[PDB]
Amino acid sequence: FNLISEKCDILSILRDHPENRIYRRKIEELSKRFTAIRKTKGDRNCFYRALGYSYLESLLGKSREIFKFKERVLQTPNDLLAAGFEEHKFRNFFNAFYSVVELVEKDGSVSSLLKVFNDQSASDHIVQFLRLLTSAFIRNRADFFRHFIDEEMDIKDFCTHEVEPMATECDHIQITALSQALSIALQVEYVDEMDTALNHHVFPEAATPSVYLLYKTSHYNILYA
């Protein structure tokens, strides 16, 4: 369980910031709304890895929701091709993501899903697929990302340097783009060291989330309501 942990009690993370008044306050507050946490490896891939595992976990045993998601995943090669990725270069990554989606359908156990996401090879193939899909979705909608995010930014250079490569950190743009690309609704809780309110953001703003993540010290962990 070196990439995604077993579930722990929310208050077990007090020990990560001992004798820190603000962390202790915000974690105690968090424990009123959430019961458990799973930790991720802090290797630069933790957003993609956490979102992939937690979303697929939320689908287990839901036959209509799995059918609908599989239907969307089967179309994603078209998004990649439209943004100028070549099939023979994304094939190995697409096949690994489609395989874990079939596991959700056919096997349906937490234990099987956690084994794939802790297999360095399968898990890293899954993360690389999610990164390529994120890049494609942004490139295919460059005017939207410039209109609504940043009129001045260079989109192609951004995707080349800060989306596609393994171990590159995310910002709001990558979270919005992957959420939209796969129709995944998520909520991020923010825990920083300023004496401020514990606060969150929902992607997209009007949605009921499937996935809850905790962001602290550049790192995303998985929360359970």
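We number the residues from 1 along the sequence you see.
Look at the C-alpha B-factors of 164 to 172 and of 177 to 185. On average they run higher in 164 to 172. When the C-alpha B-factors of 116 to 124 and 86 to 94 are averaged, 86 to 94 comes out higher. In this entry, the residue among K70, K32, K26, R64 with the greatest C-alpha B factor is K32. Ranked within its chain, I149 lands in the highest third, by CA B factor from the PDB record. Split the chain's modelled residues into thirds by C-alpha temperature factor. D143 is in the highest one. In this PDB entry, the Cα temperature factor of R49 sits in the bottom third of its chain's modelled residues, the lowest group. When all modelled residues of the chain are sorted by CA temperature factor, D107 is found within the highest third. Sorting the modelled residues of the chain by their CA temperature factor places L56 in the lowest third.
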